[PDB]
Structure formats: structure tokens, C-alpha cells
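Just the one chain here, the form deposited in one PDB entry, laid out as C-alpha cells.
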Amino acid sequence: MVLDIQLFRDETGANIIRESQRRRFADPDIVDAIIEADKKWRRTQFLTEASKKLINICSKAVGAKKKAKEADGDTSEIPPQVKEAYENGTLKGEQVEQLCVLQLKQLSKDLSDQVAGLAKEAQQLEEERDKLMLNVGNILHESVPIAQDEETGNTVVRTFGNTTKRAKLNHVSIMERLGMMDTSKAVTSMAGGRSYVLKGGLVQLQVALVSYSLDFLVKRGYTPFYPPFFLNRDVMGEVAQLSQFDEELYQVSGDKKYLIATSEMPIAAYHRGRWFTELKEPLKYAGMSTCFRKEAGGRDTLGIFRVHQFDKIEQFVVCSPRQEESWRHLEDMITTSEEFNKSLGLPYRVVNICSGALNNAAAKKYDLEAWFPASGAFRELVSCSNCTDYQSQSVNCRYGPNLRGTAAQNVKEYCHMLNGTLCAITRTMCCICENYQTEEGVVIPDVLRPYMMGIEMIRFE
């Protein structure tokens, strides 16, 4: 499944989706195309159910006639009114019982052929419906700025620190003079473009950030989560769009698998087919993994700002879909990322991403863009998104009572899910280097010193 069909079948729900499509600069007509494909699909299902019941009647009639030792009959030919009736879903059980054993055996096979034909029609309509559902965005939060272009369209929500600060050397120049980063042909001729080696103090800083970030989230009630870095094609397909297979995901062969681009992928996939009857407390995971990205879509080629391989500590929340609880968690998650950057003393701004720039799963997204003083620019360090029930529909992670036997339950409920960067390690190191540089090297932010043998500064070579 891509999305549950239930909201599309509801008049109010379909209007809510069309409005959200318009507000995202996406196509509202996709809603109408899904409704039409589902209408044809429901017809195949109505005919399937009618004909499966008629197959059972044939089996029961053959049994009754053979137990009563009745002769098979003269013909196996089906009357034209019988064929017309089952093709239209109007064949009655009384007309079937009037047939002889030979005809009942023929009719059971013909009805089985019709069910096989209807299943192929149903599968083609499911493929059409699912492909259209891939172009349906999550319902926008009402606070999302309406604009197509990120450059002008995003809204600045908050700022921290000296965001006009200027510094001498950029992160590339700093990491070169430290002698602790190698992005030369000695590395790229071994491992391809955007590959790197870190040495000495920069590796100590990398480990200090990993450990400090994990502890930062443990103190806030998150459970550390270390995932497999591979996902099979079918499972990856539930947690990644088709454009990610082309532009972002490496394929691994040992079944063919894909390297994860973020711990968000295996954490979301870990909840596939689950059902939580209540979530009085949300599930909070502190994802820790290496991330692998093809970066196929020559921007930021220098240093370790945008590399294929990088560590990232992630916030991931699974919560009740009721009373807009996920919207409270979104605010906590961006506040957590902000508190983290304030503890490192990195200046930044928080932006509310415009409607035309949001990926399909996000109902709302906040980015924290840190100020790079030598580069003289705000650069994305963090994305925090509320995916409401969008990913939960794709992985089938249910919530609350099941429909059957519960008179008050008329809708299939799904958990809400959110994800938010806590620390993307290599890009944070670039930001630290620019912000903490001196003529002697890079000063270690105070909070990280106990995490790297009390080192106060890493020196230029």
C-alpha cells in the first residue's frame, strides 16, 4: 500500500486533499483520478465476491446431486442467460441449482476463470491507483508558507547568536591546515569522488560529537537505536520515493539491498505491519548510523560539507494520531535540535519550509540553518518533519481499535511519525571549525572537551 483509500472515498476528505494539492502547487486532479480507479476496482471486487459465492454453490450442488446418485447429465454447455448474469453480477443461486452436474462443473471452472480475469484487472487498477498516490502530498499544516521557491519562500521563525559574524578561513582551508583531512587523489583514486580520510584530532572530534549527541538524546528520554545499514528493495520502497533510488541510494549485492541514507529509513521500516492500541507515551528513538548518499543531483564539492558517507544522530518519534499530539512533538524536536546547537555555541536561524519545497511525506518541516562565518552563509544542518500518518500508511503501522466488532470505529487509524536531525557529524564539524578558529587552530567547544580527553584545541600543522 501507498496510502489508505478511505479519505479519497469521503466527499469532505477528497476536498481536503484537493485543497492541500493546490496549496503545494501540485495537481488536485490526481484525487479525481484515484477516485475513478478505485470505483473500477470496487466493481471488480463486487463481481469477485458474487462469483466466489456462486463457485461454492456449484460445489455444494455437485455434492448433493452425487450423494443422491443422480446422473451427470446430457450436456456441459452453459445457457447464454447464465453467462450474461455472472458477467453482470446478477446470477442467482436458484438458477445455478437447476443445472446438471456436468454444467455445474463447467460453470465452476468458468467462474474461476472470470475471478482470475477480475484479479488481473484489479491488480492493474491497484498499480494505476498506487502510482497516482505517489504524487499526492501529505495534508499541509495551516501554518506552512505558500510559495514555490525556497530562496524567497521560506519563513525565518527564530535566530540565535551572532548571525553576522565573519571569520578568516573557511572549513576547507581550516581542515587542510590542521593536516587532519585528506580529500586528495590519494583518497579519490581509491574510493571515488567526494570520498575522504579523517585523521587525528578531527576523528577525536567526530567521536566526541557522536557520543555527546547520543547522551544529549538519552537525557531527553530517547532510546538509542543502532540499525542495519542495508534494506531489501521491497522494504526500502516503503520508506523511500522512486527519485531516491536514482539520485541517492547505493545498491549492494552479496537478495539485492540498498545502503541507508539515514537511520530514519530502518527505524520507520522497523514499525512495518505493527499495531499499537494506545501510545500513552510516544516511542522515541535516537538513531545512530553511518549514512550513504549518491548525491547525484558539482555543488559543495570542497571538503566534508557534502560527502557520500557521514555519521548522523537522528530523532525519531512514533505517537498517537489523536488530539494533534504529533504537532506538540514537532515543536519539542526542533527545540531539541536548537538546544543542541546552542550548547555547541553555533549561531543559526530556524526556517519554516514553503509548501512547494516540501517533500510529499512532510505536513510541515523546520530546518535549522547554521551561520558559517567565513563562508558568509546560512547552511542547512538539520531538518525536523512531521510526517503525520503518511509514512505509517506506506509501512502499515496501525493505531487504535480495528473496524470489525467496534460499532464506534468507522475509520482505520494509523500512528503518526516524525523525524528530525539531531547532529549530522561532518557538516557540524565544518561549522565548528569556522566558528571556533583562531590563528593557532580550532578551539574545542566546552561541552565536547570531556568527550575528547579534555582537549581544549586542535592545532594547525
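The first residue of the sequence shown is number 1, and the count goes up from there. Definition used throughout: the rigid core is the maximal C-alpha set that superposes within 1.5 Å between two forms.
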(message) Our gap detector needs a label for residue 297 to residue 298. Which class matches the unmodelled residues of the deposited sequence there: none, 1 to 3, 4 to 9, or 10 or more?
(response) 1 to 3
(message) I want to verify a possible break: how many residues of the deposited sequence sit between residue 254 and residue 255 without any coordinates (none, 1 to 3, 4 to 9, 10 or more)?
(response) 1 to 3
(message) Regarding 263-271 and 88-96, which shows the higher C-alpha temperature factor on average in the entry?
(response) 88-96
(request) Would you determine, from the values in the PDB entry, which of 201-209 and 350-358 has the greater average C-alpha temperature factor? (result) 350-358
(request) By the entry's C-alpha temperature factors, tell me which of 121, 380, 281, 314 sits highest. (result) 121
(request) Report the option among 52, 427, 416, 398 whose CA atom has the maximum B-factor in the deposited record. (result) 52
(message) Please say which third, lowest, middle or highest, residue 83 falls into when its CA temperature factor is compared across its chain.
(response) highest
(request) Going by the recorded CA B-factors, say which third of the chain residue 12 sits in, lowest, middle or highest. (result) highest
(request) Tell me, lowest, middle or highest third: where does the Cα B factor of residue 109 rank within its chain? (result) highest
(request) Could you tell me which third, lowest, middle or highest, the C-alpha B-factor of residue 250 occupies within its chain? (result) middle
(message) Among the modelled residues of this chain, does the Cα B factor of residue 73 put it in the lowest, middle or highest third?
(response) highest
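The protein also exists as the form deposited in another entry; that form is not presented, and the subsequent description refers to it.
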(message) Using the rigid core as the reference frame, would you say residue 64 shifts its C-alpha by 2 Å or more between the shown form and the other one?
(response) no
(message) Rigid core superposed, CA of residue 402 - does it shift 2 Å or more between the shown form and the other one?
(response) yes
(request) Compare the CA separation of residue 407 and residue 395 in the other form with the one in the displayed structure, and answer closer or farther (the difference is at least 3 Å). (result) closer
(request) Since the Cα separation of residue 402 and residue 14 moves by 3 Å or more in the other form, tell me which way: closer or farther than here. (result) farther
